[PDB]
J.: 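Sharing a structure with you now.
Side chains are part of it too, since the values below use all heavy atoms of this structure and drop only hydrogens, waters and symmetry mates. Chain naming here is simple, since letters A, B, ... match the order of the sequence lines and numbering starts at 1 in each.
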Amino acid sequence: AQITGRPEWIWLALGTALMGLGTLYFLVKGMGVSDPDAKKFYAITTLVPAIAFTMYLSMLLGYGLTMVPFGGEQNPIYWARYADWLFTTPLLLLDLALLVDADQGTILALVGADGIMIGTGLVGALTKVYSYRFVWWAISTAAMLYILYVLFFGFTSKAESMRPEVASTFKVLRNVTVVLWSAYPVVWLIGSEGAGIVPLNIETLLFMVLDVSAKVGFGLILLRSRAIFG
Amino acid sequence: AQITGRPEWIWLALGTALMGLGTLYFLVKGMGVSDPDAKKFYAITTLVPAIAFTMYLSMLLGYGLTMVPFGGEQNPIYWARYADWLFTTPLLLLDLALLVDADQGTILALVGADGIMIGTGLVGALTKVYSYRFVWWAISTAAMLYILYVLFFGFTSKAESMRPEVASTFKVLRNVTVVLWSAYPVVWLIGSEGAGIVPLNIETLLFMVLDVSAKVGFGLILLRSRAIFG
Amino acid sequence: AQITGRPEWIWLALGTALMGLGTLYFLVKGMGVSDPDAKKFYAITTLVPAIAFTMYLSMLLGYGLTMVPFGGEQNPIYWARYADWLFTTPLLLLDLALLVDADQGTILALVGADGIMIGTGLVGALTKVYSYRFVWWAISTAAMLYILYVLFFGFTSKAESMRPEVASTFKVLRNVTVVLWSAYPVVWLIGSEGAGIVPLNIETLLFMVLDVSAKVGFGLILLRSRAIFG
Ligand SMILES: *C/C=C(C)/C=C/C=C(C)/C=C/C1=C(C)CCCC1(C)C
Ligand SMILES: *C/C=C(C)/C=C/C=C(C)/C=C/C1=C(C)CCCC1(C)C
Ligand SMILES: *C/C=C(C)/C=C/C=C(C)/C=C/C1=C(C)CCCC1(C)C
């Protein structure tokens, strides 16, 4: 065993306990419900932290870390996150979409949009030759800007519901979504092994807070909200 | 060529001939049908053995085998199965769901559930350091228990249909599902390279019987059954 | 940087500028539309070239190339294409299906069909030992023949619509689909590193023309067509 040495551990393990406990609680809240509309929402959320948990575990001890060398050294990146964020994200965006009640097409484009967002991101990470890395970085973030756009501009404009509650609750979700996410790109550029300005300890710290707050928080106000009645 | 040496070959090749021939027959049974409800079911099944076939081939000669070293040696695991079971399974569970006629949400959670079940399993396999291997092993099997639960408890409770036939046929499918699957976990722990108690020859034997019986058998009683009328 | 040496570059870079510019234009055409039926189609297309673009980039400079050694040497294959064609294709087939208006089941089988088509193809590429390579090659192409069959025979027979326009437009799409695709298999066998008869320069040339013409062309006549009204 070696779940020590690499300082980041404390941080990882933290994100872990939080994720697992979360999926567990939502797990309960869902139990038996004439909620099928909501039940749908529930299943989605529950799954989200679930994944984040498994991933975080691998990332902690064995899996998740490689040694992408760029610029002139051996960098330790945690690809694992690329996977977890990958599945977790299309699901999330889906949660919002349904909540507001969009349309296959709209959601469809949004899904593929994210897929390329993260996917490309990853490709950059492993890319080596830090210069090209940042290049791919540009592509990905661009995609991100597109999804955000459709979120407020598109969804809000639809966000009209007969129910003031549904309308408000959504607004909050779309907002928090915007802020937290934006952080993701920025942090990765200056931090992690790319610009190499922010140490790995703090880098893992920030990233972590982002995960728990986004998945667990978002999912919480959402389910607890009268949006998924019952 | 080297489709010899490794004794398991005879077993693999066996699973192969069985898989291919199967997908072929179902292939026929489906041909032209005002069955679209059933036609749906058909397409699903047919696909299932199809995949199992391709995979089994790779696994036989070239692809499918690595050398995950743990405990203190070089172990020969057939990751290929991890892939085949991966796609095949979400499909299967889907076949049941529709047959009984559930609801997006329910099926949704079940899908992600399996995904994590197998996925995590794999991660364990490659993990190295046999101790941690078993750890991931625990996580996966847990997920399995969850899916089974929803199957009988949840589906059976719904399994109510106006048609006694549909109700019974299902019952049988859910049952065989339970038994065969349970075998999968157990066998992998004591057998394969983890506990290293069951030789690879017999390990490949048992696993094989499990595949053919599950995919081909399940699919057979199902289609042949009046459930997918026409 | 090394976006030179390997001659193919000029060709790759070409496919690139074409892909990106394409996704950009369709991007516009879609903008704001009471078209949701069509809007659906739009989103699909747009996504298609988008992917092709990102992939083509990686393939150009860093990602996309390995060194699968078979026959008796070190061969340079561009796996990247395997990925791009992978996602792009199920989407395309979906575009056709909806246009004509099929049924979940039919489309479903078609989707899994393609998945295995390309997937297996790839497996062959990396396979090593050129003999076995061609073997997998046979499997894949077979699958291809199946999809084509359902396309004209199945879809055309359904292609009946009340709208002569919809009926014709489709016909054209299914046709071009047939020809271009057939090229794909042939070229890869004689060309690329397998038979080693067609040089890599020309091999990249032909493959390229195939991509741009198929994705961009198909998508063009389609959207511009009154099929996706609005
Ligand atoms: C915990 C999972 C969440 C909600 C995922 C967040 C991450 C993003 C969608 C951000 C993606 C990135 C970019 C925009 C470009 C650079 C690389 C990434 C992956 C950090
Ligand atoms: C032929 C394909 C089938 C129906 C797949 C069966 C396998 C399972 C879903 C079992 C999964 C496992 C665990 C529960 C934990 C240990 C590792 C696995 C993959 C054997
Ligand atoms: C640009 C993307 C498109 C539409 C993809 C085209 C490729 C095919 C579906 C062809 C597949 C192949 C075979 C039939 C067997 C040999 C290997 C492939 C991948 C070239």
Side-chain angles (χ1 to χ4, degrees), chain A residues 86-87 90 94 104-105 107-116 119, chain B residues 40 43-44 46-48 50-51 54-55 83-84 86-88 90-91 94 111 115, chain C residues 19 23 26 40-56 79-123 139-152 154-155 170 173-174 176-178 180-182 184-185 210-211 214-219 222-223 228:
Chain A
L86 156 56
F87 301 95
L94 222 184
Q104 320 86 271
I107 139 267
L108 172 32
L110 220 169
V111 180
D114 318 334
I116 320 160
Chain B
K40 202 155 191 164
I44 290 186
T46 35
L47 252 203
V48 191
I51 307 190
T54 115
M55 304 266 94
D84 101 67
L86 156 56
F87 301 95
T88 54
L91 291 203
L94 222 184
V111 180
Chain C
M19 294 289 116
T23 143
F26 318 126
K40 202 155 191 164
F41 289 84
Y42 257 118
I44 290 186
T45 359
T46 35
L47 252 203
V48 191
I51 307 190
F53 143 61
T54 115
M55 304 266 94
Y56 248 128
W79 57 267
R81 45 175 73 280
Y82 295 92
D84 101 67
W85 306 347
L86 156 56
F87 301 95
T88 54
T89 51
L91 291 203
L92 263 197
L93 257 304
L94 222 184
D95 208 340
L96 306 133
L98 241 147
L99 185 93
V100 98
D101 220 315
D103 277 76
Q104 320 86 271
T106 16
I107 139 267
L108 172 32
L110 220 169
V111 180
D114 318 334
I116 320 160
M117 129 127 76
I118 151 73
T120 53
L122 197 211
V123 210
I139 295 124
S140 31
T141 159
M144 148 115 141
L145 293 163
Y146 191 101
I147 140 186
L148 291 156
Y149 147 79
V150 196
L151 278 160
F152 16 97
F155 289 142
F170 168 95
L173 283 175
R174 112 216 207 299
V176 188
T177 254
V178 179
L180 252 144
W181 256 310
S182 328
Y184 288 110
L210 279 3
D211 296 88
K215 293 145 174 118
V216 207
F218 175 117
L222 166 51
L223 295 159
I228 64 127

J.: What are the two closest non-hydrogen atoms of A:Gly105 and C:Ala43, and how far apart are they?
T.: O-CB, 3.9 Å
J.: If the plane angle is over 60° it's perpendicular, under 30° parallel, otherwise tilted; pick one for C:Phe155 and C:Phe170.
T.: perpendicular
J.: Report yes or no: does C:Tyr56 contribute a side-chain atom to a donor-acceptor pair with the main-chain N or O of C:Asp84 at less than 3.5 Å?
T.: no
J.: Distance check, rounded to the nearest 0.5 Å: C:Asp95 atom CG versus C:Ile44 atom CD1?
T.: 5.0 Å
J.: Side-chain contact test, heavy atoms from C-beta onward, threshold under 4.5 Å: evaluate it for C:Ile107 versus C:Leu98 and give yes or no.
T.: no
J.: Around atom CZ of C:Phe152, are there more than 12 heavy atoms of other residues, nucleotides or ligands at under 6.0 Å?
T.: yes
J.: Can you tell me how far the CE atom of B:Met55 sits from the OG1 atom of C:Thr120, to the nearest 0.5 Å?
T.: 9.0 Å
J.: Working to the nearest 0.5 Å, report the span between NZ of C:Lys215 and CG of C:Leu210.
T.: 9.0 Å
J.: Does any non-hydrogen side-chain atom of C:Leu86 lie less than 4.5 Å from one of C:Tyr82?
T.: no
J.: Are C:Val176 and C:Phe218 close enough, and set up right, to give a side-chain contact (heavy atoms from CB on, under 4.5 Å), and what steps lead you there?
T.: CA-CA 8 Å; C:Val176 188; C:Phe218 175 117; 5.9 Å; no
J.: Can you check side-chain contact (heavy atoms from CB on, under 4.5 Å) on C:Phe26 and C:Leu222, steps first, answer last?
T.: CA-CA 11 Å; C:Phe26 318 126; C:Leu222 166 51; over 6 Å; no
J.: For the pair C:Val111 and C:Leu93, evaluate side-chain contact (heavy atoms from CB on, under 4.5 Å) and give the outcome as yes or no after the intermediate values.
T.: CA-CA 7 Å; C:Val111 180; C:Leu93 257 304; over 6 Å; no
J.: With a 4.5 Å cut-off on side-chain heavy atoms, are B:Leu94 and B:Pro90 touching?
T.: no
J.: To the nearest 0.5 Å, how far apart are CG in C:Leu91 and OG1 in C:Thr46?
T.: 9.5 Å
J.: Hey, what do you get for CG (C:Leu110) to CG (C:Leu151), rounding to the nearest 0.5 Å?
T.: 6.0 Å
J.: Could you give the distance from CZ (C:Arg81) to OH (C:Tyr184), rounded to the nearest 0.5 Å?
T.: 9.0 Å
J.: Take A:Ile116 and C:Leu47 through the side-chain contact (heavy atoms from CB on, under 4.5 Å) test and state the conclusion after the steps.
T.: CA-CA 9 Å; A:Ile116 320 160; C:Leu47 252 203; 3.5 Å; yes
J.: Is C:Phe87 atom CZ crowded by more than 12 heavy atoms from other residues, nucleotides or ligands, each under 6.0 Å away?
T.: no
